[PDB]
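This report concerns only the one structure given below.
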Amino acid sequence: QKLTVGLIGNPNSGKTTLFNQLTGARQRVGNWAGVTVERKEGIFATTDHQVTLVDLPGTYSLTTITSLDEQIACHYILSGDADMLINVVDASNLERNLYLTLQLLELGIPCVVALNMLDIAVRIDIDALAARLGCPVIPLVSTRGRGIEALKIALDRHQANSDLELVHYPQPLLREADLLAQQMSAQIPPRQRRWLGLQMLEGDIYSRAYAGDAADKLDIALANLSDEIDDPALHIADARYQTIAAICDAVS
Amino acid sequence: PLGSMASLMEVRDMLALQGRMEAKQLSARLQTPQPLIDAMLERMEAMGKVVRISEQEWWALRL
Ligand code: NI
Ligand code: NI
Ligand code: NI
């Protein structure tokens, strides 16, 4: 019966408000082991589960190029402590918010998007967005606190995201990312190894540390691309913004 | 190349050529919606590729 859920989103996206709405008085504050940043946790029930809700610090992405936020969030997500995530998104700023969303969905951890500030926003076809992402999209009008039940329902029912190829990256980058992924320990699931490879090429200082036996293989990866791609990192970010644009266009 | 639109590279190249530009200029010259442009700039900024200038908004290349 226990389910651990991580709560993540961009800063100023209504993440704290949603955190309060779900837990109320059942909150405990501490710190992320080994650092000073506060770590807030809460408890609540669904009509199947006893949920432990871990608040992750507001973050624009999972890439660490001095903020610990991207690092903490990324480290926590990679640890496997959470069975699933609630990604809080500001409907009035999908162009900025979906970068984090895409990074999470590509990584493959089960997700439920809590679509916020739907009134502050443009009109969004919620179902199309759900289809484009491969995961549920639950609308919330927080000022009123509605949809919390739909969100709970989703937590009990959602098991795995639709297996979609969301982003189109240049062949060379995928080639090298897989080369890197082959050097990472087998305790890291296949899909996450490929993801870490791309994060390394993107310039993520942490994913590189987390990849151990490959950290020192990135220079040869960059040299192997010196022949084809000029700025690897810019290409990976660009590739992601290509689908963000496609998605935003198709649903807004 | 997905689509036929704004490439972060395109934004880079453009700025490399013009030295500095207002975000609105980029949105017109590149035929890409302003919110998309704004988000792309911030991303490149966070990566340390472009720099924002206070003078309103000038965007140019470097750390
Ligand atoms: Ni369960
Ligand atoms: Ni750890
Ligand atoms: Ni290229």
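Numbers restart at 1 for each chain; the letters A, B, ... are given by sequence-line order, proteins then strands. Counting convention: from 1, in listed order, for ligands and their atoms alike.
- Of the candidates B:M5, B:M44, B:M40, B:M40 is the only one forming a side chain to side chain contact (heavy atoms under 4.5 Å, CB included) with A:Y241.
- Protein N/O/S atoms found under 2.8 Å from the Ni ion (ligand 2), listed by chain and residue number: A:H75 NE2.
- Look at A:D231 and B:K49 and you find a salt bridge, because one of the NZ, NE, NH1 or NH2 atoms lies within 4.0 Å of a carboxylate O, short of that distance.
- Considering only heavy atoms from C-beta on, B:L36 stays 4.5 Å or farther from A:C248 through its side chain.
- Residues A:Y99 and A:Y60 place their aromatic rings such that the two centres sit no closer than 6.0 Å.
- Other residues, nucleotides and ligands contribute only 12 or fewer heavy atoms inside 6.0 Å of the CZ atom of A:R123.
- Between A:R132 and A:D249 there is no salt bridge, since no side-chain nitrogen of the basic residue lies less than 4.0 Å from a carboxylate oxygen of the acidic one.
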